[PDB]
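Asks: Can you read through this structure? Questions will come right after.
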Amino acid sequence: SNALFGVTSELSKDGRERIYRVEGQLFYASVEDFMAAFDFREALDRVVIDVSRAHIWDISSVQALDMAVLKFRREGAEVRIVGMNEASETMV
């Protein structure tokens with residue numbers, strides 16, 4: 001479900017970088033919805049995934065973030081995560 005989390009994004013003026021902003025609760029039950037939030041095929045030099053406003057609750061949701069990162073990297077982007085420390089405090 002995407003009831004408990006949201007993803008928005010903003011593209012740079014040159015179209016070369018996209019920042020995704022994730023907010024709310026990330027649980028294993030919503031992994032497929034989380035994946036569907038990203039456009040992995042976009043021609044980008046850089047992707048930022050900002051999870052500073054999100055809470056990761058389980059290791060499946062960590063692995064889903066890692067997979068989104070890997071998929072952007074395989075499509076040629078330099079990828080960085082912002083807010084991992086804050087998002088990871090809930091990983092219980």
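FYI, nothing fancy with the structure tokens labels: chains A, B, ... in order, residues from 1 per chain, ligands from 1 as they appear.
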Check the DSSP output for the backbone and give back, as a compact mmCIF listing (two decimals) with N, CA and C atoms, in the first residue's frame, the residues of region 3-88 of chain A in alpha helix (DSSP H).
Replies:
```txt
# COMPACT_ATOMS: atom_id res chain seq x y z
N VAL A 31 6.90 -2.83 -0.04
CA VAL A 31 8.12 -2.82 -0.86
C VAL A 31 7.78 -2.62 -2.35
N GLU A 32 6.76 -3.32 -2.85
CA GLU A 32 6.45 -3.19 -4.28
C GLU A 32 5.98 -1.76 -4.63
N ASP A 33 5.19 -1.16 -3.74
CA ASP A 33 4.77 0.23 -3.94
C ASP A 33 5.95 1.17 -3.91
N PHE A 34 6.88 0.92 -2.98
CA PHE A 34 8.09 1.73 -2.89
C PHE A 34 8.89 1.67 -4.21
N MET A 35 9.13 0.46 -4.71
CA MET A 35 9.85 0.30 -6.00
C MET A 35 9.17 1.03 -7.15
N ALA A 36 7.84 0.99 -7.19
CA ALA A 36 7.08 1.58 -8.27
C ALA A 36 7.15 3.09 -8.27
N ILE A 59 14.30 -5.07 7.68
CA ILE A 59 15.45 -5.27 6.81
C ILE A 59 15.02 -5.46 5.34
N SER A 60 13.81 -5.97 5.11
CA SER A 60 13.28 -6.01 3.73
C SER A 60 13.19 -4.62 3.12
N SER A 61 12.84 -3.63 3.94
CA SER A 61 12.66 -2.26 3.44
C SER A 61 14.02 -1.66 3.22
N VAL A 62 14.99 -2.01 4.07
CA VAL A 62 16.41 -1.61 3.77
C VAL A 62 16.87 -2.20 2.41
N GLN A 63 16.60 -3.50 2.23
CA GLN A 63 17.04 -4.18 0.98
C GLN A 63 16.35 -3.58 -0.23
N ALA A 64 15.10 -3.11 -0.06
CA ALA A 64 14.37 -2.46 -1.16
C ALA A 64 15.04 -1.14 -1.51
N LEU A 65 15.41 -0.36 -0.50
CA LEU A 65 16.15 0.89 -0.79
C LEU A 65 17.46 0.56 -1.52
N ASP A 66 18.16 -0.47 -1.03
CA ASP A 66 19.45 -0.86 -1.63
C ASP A 66 19.22 -1.26 -3.10
N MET A 67 18.12 -1.97 -3.35
CA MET A 67 17.79 -2.39 -4.71
C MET A 67 17.49 -1.19 -5.61
N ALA A 68 16.77 -0.18 -5.08
CA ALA A 68 16.45 1.00 -5.87
C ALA A 68 17.78 1.69 -6.23
N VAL A 69 18.66 1.82 -5.23
CA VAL A 69 20.00 2.38 -5.48
C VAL A 69 20.75 1.60 -6.56
N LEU A 70 20.80 0.27 -6.41
CA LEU A 70 21.50 -0.56 -7.38
C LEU A 70 20.92 -0.38 -8.79
N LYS A 71 19.58 -0.35 -8.90
CA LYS A 71 18.94 -0.21 -10.22
C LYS A 71 19.25 1.11 -10.91
N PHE A 72 19.26 2.21 -10.15
CA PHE A 72 19.74 3.50 -10.69
C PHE A 72 21.19 3.44 -11.11
N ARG A 73 22.03 2.80 -10.30
CA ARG A 73 23.46 2.69 -10.66
C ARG A 73 23.66 1.89 -11.94
N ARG A 74 22.89 0.82 -12.11
CA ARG A 74 23.02 -0.02 -13.30
C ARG A 74 22.53 0.68 -14.54
N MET A 84 20.13 8.59 5.65
CA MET A 84 20.14 7.19 6.06
C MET A 84 20.20 7.02 7.57
N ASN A 85 21.00 7.83 8.26
CA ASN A 85 21.12 7.67 9.73
C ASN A 85 19.78 7.88 10.40
N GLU A 86 19.10 8.97 10.05
CA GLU A 86 17.79 9.25 10.66
C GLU A 86 16.79 8.17 10.32
N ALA A 87 16.77 7.75 9.05
CA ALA A 87 15.77 6.76 8.62
C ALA A 87 15.99 5.38 9.27
N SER A 88 17.25 5.10 9.63
CA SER A 88 17.63 3.78 10.13
C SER A 88 17.40 3.58 11.63
```
Asks: Just list the residues in region 21-74 of chain A DSSP gives strand (DSSP E or B) on the backbone, as a PyMOL selection string.
Replies: chain A and resi 21-26+46-56
Asks: Counting only C-alpha atoms, what is within 10 Å of region 2-16 of chain A, bar same-chain residues fewer than 5 positions away, as a ChimeraX atom specification?
Replies: /A:21-27,29-34,36-38,42-51,53-55,77
Asks: With only C-alpha atoms as the atoms that count, which of A:75, A:80, A:92, A:39 lies nearest to residue 57 (chain A)?
Replies: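 Smallest distance to residue 57 (chain A) is found for A:92.
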Asks: Could you tell me how far CA of residue 19 (chain A) sits from CA of residue 83 (chain A), in Å to one decimal place?
Replies: 12.6 Å
Asks: Which residue is closest to residue 52 (chain A)? Choose from A:82, A:17, A:1, A:89 and count only C-alpha atoms.
Replies: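 Closest to residue 52 (chain A) of all the choices is A:82.
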